[PDB]
Amino acid sequence: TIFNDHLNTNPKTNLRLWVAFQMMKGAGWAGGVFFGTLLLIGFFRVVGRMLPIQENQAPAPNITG
Amino acid sequence: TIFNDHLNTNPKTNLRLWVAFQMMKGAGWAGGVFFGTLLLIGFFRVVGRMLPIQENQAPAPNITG
Amino acid sequence: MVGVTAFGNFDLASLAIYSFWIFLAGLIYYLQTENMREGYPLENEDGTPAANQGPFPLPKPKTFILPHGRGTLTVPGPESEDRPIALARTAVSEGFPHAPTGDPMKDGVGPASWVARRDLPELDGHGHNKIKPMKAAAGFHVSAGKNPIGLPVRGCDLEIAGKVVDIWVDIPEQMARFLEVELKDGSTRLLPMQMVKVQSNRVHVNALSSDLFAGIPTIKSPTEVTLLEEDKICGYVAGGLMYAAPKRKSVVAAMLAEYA
Amino acid sequence: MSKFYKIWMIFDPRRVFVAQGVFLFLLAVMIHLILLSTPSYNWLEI
Amino acid sequence: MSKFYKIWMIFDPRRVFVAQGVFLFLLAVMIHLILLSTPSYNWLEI
Amino acid sequence: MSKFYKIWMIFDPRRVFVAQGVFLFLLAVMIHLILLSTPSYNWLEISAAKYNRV
Amino acid sequence: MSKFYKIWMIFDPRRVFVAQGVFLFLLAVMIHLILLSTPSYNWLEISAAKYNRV
Amino acid sequence: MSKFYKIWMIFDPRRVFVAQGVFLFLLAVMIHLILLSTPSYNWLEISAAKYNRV
Amino acid sequence: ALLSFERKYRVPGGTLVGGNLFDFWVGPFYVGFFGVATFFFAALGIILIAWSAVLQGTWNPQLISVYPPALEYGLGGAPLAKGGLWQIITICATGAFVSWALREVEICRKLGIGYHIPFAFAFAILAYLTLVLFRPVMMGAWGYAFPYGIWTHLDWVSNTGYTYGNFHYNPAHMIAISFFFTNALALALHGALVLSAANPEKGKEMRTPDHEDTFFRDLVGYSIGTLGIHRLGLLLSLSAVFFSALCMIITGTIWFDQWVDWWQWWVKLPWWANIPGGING
Amino acid sequence: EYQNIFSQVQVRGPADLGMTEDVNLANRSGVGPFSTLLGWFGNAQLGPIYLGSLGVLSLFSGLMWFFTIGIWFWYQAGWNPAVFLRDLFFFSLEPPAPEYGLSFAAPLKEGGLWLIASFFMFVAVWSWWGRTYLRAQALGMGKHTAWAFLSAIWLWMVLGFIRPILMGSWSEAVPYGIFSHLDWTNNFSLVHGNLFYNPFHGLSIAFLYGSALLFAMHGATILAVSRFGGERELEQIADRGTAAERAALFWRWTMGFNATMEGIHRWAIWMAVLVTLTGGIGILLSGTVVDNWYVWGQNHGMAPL
Amino acid sequence: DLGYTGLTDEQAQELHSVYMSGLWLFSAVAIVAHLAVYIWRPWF
Amino acid sequence: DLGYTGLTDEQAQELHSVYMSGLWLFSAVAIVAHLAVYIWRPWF
Amino acid sequence: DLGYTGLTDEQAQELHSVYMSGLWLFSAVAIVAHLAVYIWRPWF
Ligand SMILES: CCCCCCCCCCCCCCCCCC(=O)OC[C@H](COP(=O)([O-])OCC(O)COP(=O)([O-])OC[C@@H](COC(=O)CCCCCCCCCCCCCCCCC)OC(=O)CCCCCCCCCCCCCCCCC)OC(=O)CCCCCCCCCCCCCCCCC
Ligand code: BCL
Ligand SMILES: COC(C)(C)C/C=C/C(C)=C/C=C/C(C)=C/C=C/C(C)=C/C=C/C=C(C)/C=C/C=C(\C)CC/C=C(\C)CCC=C(C)C
Ligand SMILES: COC(C)(C)C/C=C/C(C)=C/C=C/C(C)=C/C=C/C(C)=C/C=C/C=C(C)/C=C/C=C(\C)CC/C=C(\C)CCC=C(C)C
Ligand SMILES: COC(C)(C)C/C=C/C(C)=C/C=C/C(C)=C/C=C/C(C)=C/C=C/C=C(C)/C=C/C=C(\C)CC/C=C(\C)CCC=C(C)C
Ligand SMILES: COC(C)(C)C/C=C/C(C)=C/C=C/C(C)=C/C=C/C(C)=C/C=C/C=C(C)/C=C/C=C(\C)CC/C=C(\C)CCC=C(C)C
Ligand SMILES: COC(C)(C)C/C=C/C(C)=C/C=C/C(C)=C/C=C/C(C)=C/C=C\C=C(C)\C=C\C=C(/C)CC/C=C(\C)CCC=C(C)C
Ligand SMILES: [Fe+2]
């Protein structure tokens, strides 16, 4: 790195940003998983919208009461 | 800093966290302002709740239509 | 005379309101014209006159006859500042800061600026000197509040750079003006009262630190102070707020600097 | 498009990044307010 | 409570911080679902 | 049209770019609010009527 | 008309161009708002009536 | 009429030209607004009536 | 361009946010980060008032009015055409005022002077926020705030005052009015005194502060001094605005009746409440 | 930070008897006591006050005006000290009824005393104006204070003397009483339509708000540059210093224009004078030319209908 | 030959020529817009 | 040869070229948005 | 080559590249959120 304008910050704040970064690695991975799951559910919901399920429509398989 | 376990990351990611940090300084200040404003409004709303404004209640000062 | 019109809806209410609009325009013009007596004509950043002078022309000059035989001041007039300014322009275009070339406080530029006034003390109505130390004044004594004489003086870095010897008071005005603060160099400096926080055990100076107390411009004569050197002392003490910001032990400043 | 990078030989990164953070937060708060104002898209309902 | 700091002579900070980030995000998403499930405190109705 | 570039020997780029950014954002907000004000082109209300949200 | 150019030996280009830009934008906003105010030439309402948006 | 030019040994051109520009624009806006106010000479409403745009 | 003396003061530094990103001038105006913000907000607010003029149907500047949402909307949003433009303009005005105060801080700070001026402007900002934000939020609806019109916010003042009868009987109101009148009196006296000292009988020497003290001690018998008069001016103005904000924050919130009914308590105090005669009884 | 709002330590010494040009000192009294309470804010010295011919005239007339109103208040309470204590703000010395018109034939008890007190008040106020002029003249100063006071007197005269004569009735002057004169104000507004739609009323309010504005601005500026000796203004006019420059540059960088140490006081005096000048004009037009201001505003593009 | 702004004859001519080129470009775009609006809906 | 900002000819051309590239990119995005809106719902 | 800031060509390219990586990450998160909202409840 030739920028040499960020290197002037004190070592304590370097540590600070290091661990802010550790936590955003961890839970950015977790967020990617959760929101990819929602996008998958959304794809299936759209496919369900475009199909004529919504006109001829099945009875309940199980009682639930 | 004696930790010496964060210093092993490459300089490019040090730059990365440096500017992630710049942006969270800026807009953490902005968030503090916005949410302090909401807490002030909430304090006034609570004081309004506990007072008997809600029983004897003023007519509209201006027409608005 | 209720409600007859000269034409349309125009009556004395309308005549009065329009007359007032005209009078207000004239009065605004006059007020700005009176306020164009200092600082004009306008000039480029390199000292040459600007192409701008404004919609408002300069007024005719008027003469103040100074009291106590000090002469006459006639304004507007030719204004130079009779001193060199140690600044270098940052950009070639206009409307940009001029950075100091050497030490900023101490060449006297920026918040540490001063003006070449008359190197004479201002006088009271009767002709004597206006500002005067307690010992030189007859009958004056600290009358209420915490007497600052004999207290140590702490700078902005939480060192003590000297301690208070005397108070300079303003005779007709009956109010304290300077702290004569004496160092263990042995020479004395002057402290504006509005720059010092007098506490129970300690006289705090947020402006300056210990190492800058010695640099304060000293006084020519030891019982009097002239206008020039009042600018000089006040400008340095005040420019200490920005130009001694690094050396200062402030919780909030260190807070923000560590974050920044 | 390729050489937009030289914007950074014009602007100091620190100041630009502070301004950009403030701007982005303010814009997000703005839009969440426009959505909150309409009877639909006001999610804070119930 | 004063010497809780010695936990870091037991645990490597990197691993702990990754795990803690994952845990906190998952817990927040959980609670959002709990609020979303009840007819009141469900903001996605509108 | 060819030598319009000489405007930059008249105007300092920094000030011009700050002013231009402010102007462009203000103009965009202007036009978006004007569109939102009219019952048509208020895209939010249009979608609300299309899907019967209200 | 040939020597109108000497106006620039009277006026500083920087100030004149700033004032001209401000004036032109303000005039354009003026005229657009005047057009939007009248029931005709309010192009938004015109297109709303033409396409039966309401 | 020949020596009216000596007015410029009385008045500074810069101030006079600024005042004249302001005056001319204000007068033009005056007259246009006066025309727009009257039901006739409000060219907008008139064009609306002639082409039956209302 | 520059005053004869301005150049030695145009130095870098003394600014809260943004280093030297906006640490430059545009003509005489110092810009700064908060100058950029305040120009944005002021421009947007003036534009939205013009767009209100378009929607309402008038181009008369004295008839343009931007009304707040009606009472039924409560503290929520309203359509732009019937109350939302008022809300956006209010946000723009608040942002512009706050940015103006912070820009003033930056300028005070580059020049090395105290922060009395942004202090005093904050009082006016808080009075405006009392009228527009605190009281209507405490009181239930945006419809209790005033419209943005030259002659229609006077209607708001009149209606709000007459909701409680003669508003003259509000006591914090009386204190604020006394402060305002005293402030105008002090301003007239101060301007006159300084001008008369600097411009004496015609062709004789310029006066001194001793002459000012002598004149005013001859007049009434107690001169306050130059520092005293400036302190008293700042404090009179700030007290007036503070008591205005108080008298309006308590109105319709802890007091709901006629204000002379408030004054009624002194009359009914035990050791005269029953005596016949006089105005009362 | 020290804010310079209150002195933190005080000093005092010999009293200042004041300047001695063209002033007859036989009439100047002796210096009074020093007040430690007043000293925390400004000067602590009280006196000496000048007691001249106009001083005695004004003191006599004002004392008799105050005494006349007080004696009427005592009569109006039935001579009961407790009733006087409890109804002090409700008593009123009310002018003659409309049927007397401008005549001085009103009996003592519906407005003869009002006329007597008004005569005393007239003499007191005009004597005080003359005294202001002469006190300025004795020291060789300008007459600016006299003319600002003349503006205030113009509003006062319109309220109590000129407008009743124009309307041909003493019943339309202001009663002497706290709540009674407040009700006179409210009823004046009610009778003539909104005074809010009186344009000169609006101008008067604009200049009162401007007085508060300008004087907060100026007090704050002078307290902010008092670290350079900014409060010493006559000398900054005489010999410009860095306080004057920093103040001018603050206001120039803030709003694009500034003033001078001298000229801000021209702004101040005119801002304060215009209040009562436009107020007097508005009250004089009120009822004499317009008797329904809301309708007038409707006719003049001010009100919607 | 006044020299209020400091520019010479050649500089003045060059700046005025580039200005006028910009002015006529602006005018041409305005004329195209005006013709488009007039054809779309006349105001005379 | 006229100079106020202190930039030279080559610097001016370089800065103007990169500006205009940005300007045409902005314009292209605006045209795409305008066509999308026009197709979605015309205003003429 | 103006260098008001003081940066060189390589520094400029490095800073701009890391900026743009951050910008596209922000944009991707925004697109995911927008698609989620659009699927949940369309505005067109
Ligand atoms: C040609 C074509 C025709 C055109 C026609 C149209 C003209 C358009 C004009 C547009 C306006 C232009 C600018 C005007 C403001 C100029 C101010 C100025 O120049 O100051 C210089 C000068 C500065 O003095 P200085 O240099 O500091 O003194 C140094 C000396 O060493 C020491 O000197 P000194 O200590 O001896 O001070 C002496 C002097 C200096 O005064 C001061 O020190 C400043 C004090 C400011 C307060 C003054 C206001 C007091 C109000 C008095 C009563 C008010 C009620 C009147 C009734 C209301 C109207 C119906 O005192 C005065 O001048 C004030 C006298 C007030 C008498 C008012 C009598 C009733 C009105 C009669 C009109 C004529 C008035 C006098 C005109 C000639 C003056 C020489 O101050 C003045 O002269 C004051 C000017 C007073 C103007 C008139 C005041 C009332 C205005 C009424 C407005 C009504 C509008 C219409 C509405 C209703 C209609 C139905
Ligand atoms: C319901 C009531 C009406 C109304 C009715 C009136 C009437 C009626 C009048 C005013 C007047 C005024 N009103 Mg209004 N007013 C209303 C609403 C408002 C509102 C508001 C926000 O609602 C405001 C800010 C104002 C403000 C104002 C002032 C601008 C103005 C008075 C100037 C002044 O200082 O007089 C105070 C100063 C004086 C009276 C001068 C006194 C001078 C003399 C020399 C003093 C002598 C002192 C004496 C000797 C005592 C000595 C004491 C000892 C020495 C201790 N009004 C509504 C619409 N108002 C006046 C005016 O000018 O209107 C155009 C007026 O007459
Ligand atoms: C409500 O009341 C109503 C309206 C009904 C009735 C109103 C009546 C009122 C009273 C009407 C008042 C009218 C006034 C009195 C008329 C005055 C007319 C005259 C005095 C105006 C003068 C005009 C002359 C102007 C045009 C001068 C033009 C000259 C210039 C072109 C250049 C000359 C200037 C200098 C000298 C040239 C250069 C000099 C060199 C040698 C240095
Ligand atoms: C209510 O009233 C209504 C609205 C109904 C009617 C209103 C009527 C009013 C009166 C209309 C007023 C119209 C005005 C008078 C029209 C003025 C038009 C002209 C004067 C505007 C000028 C436009 C030219 C601009 C576009 C210039 C562009 C040039 C730039 C692209 C660069 C050129 C700048 C410099 C010279 C280039 C670099 C120089 C180098 C060589 C150093
Ligand atoms: C109410 O009225 C309504 C709203 C109805 C109608 C309103 C009408 C108004 C009049 C519309 C006004 C429109 C204005 C006139 C449009 C102007 C558009 C142009 C002038 C804006 C320019 C955009 C170009 C921007 C995007 C530039 C981008 C370039 C950056 C990406 C980097 C380039 C900056 C420097 C040169 C790069 C690095 C320099 C090097 C060589 C060191
Ligand atoms: C009222 O009008 C409404 C609101 C309705 C419509 C108006 C809308 C307005 C007009 C829209 C305006 C939009 C503006 C123009 C959008 C601008 C967005 C800006 C350009 C987004 C730029 C974002 C830049 C990103 C955040 C840059 C990030 C740089 C990084 C922080 C540096 C290091 C990168 C690291 C941290 C990320 C990847 C590497 C690791 C270690 C994760
Ligand atoms: C125990 O305490 C004692 C009894 C010893 C004394 C205490 C007295 C207290 C209770 C005095 C109370 C005084 C009241 C409260 C003062 C209130 C004054 C009110 C507020 C004045 C307000 C407005 C009055 C102004 C407008 C009057 C203006 C009238 C002037 C223009 C002069 C009028 C000119 C007259 C009509 C000319 C008549 C000439 C002769 C021939 C009759
Ligand atoms: Fe002052």
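Points about the UniProt feature "transmembrane region" in chain F
Part 1: Under the local residue numbering, the UniProt record ascribes the feature "transmembrane region" to residues 16-36 of chain F.
Part 2: Taken end to end, residues 16-36 of chain F comprises 100% helix and 0% strand; its first and last C-alpha atoms sit 30 Å apart.

Focus on the packing of helix α1 (residues 11-50) of chain A against helix α1 (residues 9-40) of chain M
Part 1: Closest axis-to-axis distance for the α1 of chain A/α1 of chain M pair is 10 Å, and the angle between their directions is 35°. The crossing of α1 of chain A and α1 of chain M is left-handed. For the pair α1 of chain A and α1 of chain M, the contacting residues are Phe35, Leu39, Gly42, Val46 and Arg49 of chain A in the first and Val32, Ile39 and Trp40 of chain M in the second.
Part 2: Each residue belonging to the contact of α1 of chain A with α1 of chain M can be placed in one class, and the counts come to six nonpolar, one polar and one charged.

A short note on the UniProt feature "binding site: a bacteriochlorophyll" in chain F
Residues and elements named next belong to chain F.
Part 1: When the UniProt feature table is mapped to this numbering, "binding site: a bacteriochlorophyll" covers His32.
Part 2: With respect to the helices, strands and loops of the structure, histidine 32 is situated in helix α1 (residues 13-37).
Part 3: Among the residues examined, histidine 32 registers a relative accessible area of 44% and is labelled partly exposed.
Part 4: Among the polar contacts made by the side chain of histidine 32, one reaches the main-chain carbonyl oxygen of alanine 28 at a distance of 2.6 Å.

Re the environment of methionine 193 of chain C
Part 1: Of note, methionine 193 of chain C is situated in the loop between β10 (188-192) and β11 (197-198).
Part 2: Residue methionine 193 of chain C is classed as buried on the basis of its relative accessible area of 6%.
Part 3: Counting along the chain gives 164 residues from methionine 193 of chain C to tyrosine 29 of chain C, while the straight-line C-alpha distance between them is 40 Å.
Part 4: Contacts of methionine 193 of chain C, omitting those with residues within four sequence positions, involve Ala176, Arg177, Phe178 and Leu179 of chain C together with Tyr2, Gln8 and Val9 of chain J.

Re the interface of chain J and chain I
Part 1: The interface of chain J with chain I comprises 103 residues on the first partner and 99 residues on the second.
Part 2: The partner of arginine 252 of chain J in a salt bridge is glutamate 6 of chain I, with the nearest N and O atoms 4.0 Å apart.
Part 3: Between chain J and chain I we count 42 residue pairs in polar contact in total.
Part 4: When contributions to the side of chain J that touches chain I are tallied by element, the ones reaching two or more residues are α3 (81-86), α4 (112-138), α5 (144-167), α6 (178-191), α7 (199-224), α8 (233-238), α9 (242-255) and α10 (263-288) of chain J.

Here's the deal with the packing of aromatic side chains
All names here are of chain I.
Part 1: Inspection of every chain in the model, using the stated rule, returns 91 aromatic pairs over all chains.
Part 2: With 5.1 Å between their ring centres and 75° between their planes, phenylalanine 40 and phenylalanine 41 make a pair best called edge-to-face. By the burial criterion, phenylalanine 40 is buried, and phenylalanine 41 matches it.
Part 3: Ring centres 5.1 Å apart and planes at 20° place the aromatic pair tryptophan 255 and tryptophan 259 in the stacked group. Exposure class is identical for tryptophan 255 and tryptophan 259. Each is buried.

Comments concerning α1 of chain F
Part 1: Between its first and last C-alpha, α1 of chain F extends 36 Å over 25 residues, near the 36 Å set by a 1.5 Å rise per residue.
Part 2: Among all positions in α1 of chain F, only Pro13, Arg14, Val18, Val22, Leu26, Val29, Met30, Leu33, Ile34, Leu36 and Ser37 of chain F are buried.
Part 3: Residues of α1 of chain F that are buried in the fold lie against α1 (13-37) of chain D, α2 (43-50) of chain F, α1 (13-37) of chain G, α1 (32-56) and α2 (84-111) of chain I together with α1 (9-40) of chain L.

Definitions and cut-offs
- Residues numbered from 1 in each chain as written, not as in the entry; some residues may be left out.
- Chains lettered and ligands numbered in written order.
- Part of a larger assembly, values for the part shown.
- Heavy atoms only, no water.
- UniProt positions renumbered as here; feature names shortened; annotations may be inferred.
- Helix = DSSP H or I, 4+ residues; strand = E, 2+ residues; numbered from the N terminus.
- Axes fitted to C-alpha atoms, helices over the stretch in contact; angles between N-to-C directions.
- Left-handed = near helix turned anticlockwise from the far one by under 90°.
- Contact = heavy atoms within 4.5 Å.
- Nonpolar A, V, L, I, M, F, W, Y, C, P; charged D, E, K, R; others polar.
- Buried < 20%, exposed > 50% of the residue type's maximum accessible area, 1.4 Å probe, protein only.
- Polar contact = N/O pair within 3.5 Å; in protein donor to acceptor, adjacent residues only side chain to side chain.
- Salt bridge = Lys/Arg side-chain N within 4 Å of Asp/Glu carboxyl O.
- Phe/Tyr/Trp six-rings, centres within 6.5 Å; stacked < 30°, edge-to-face > 60°.
- Expected span 1.5 Å × (residues − 1).

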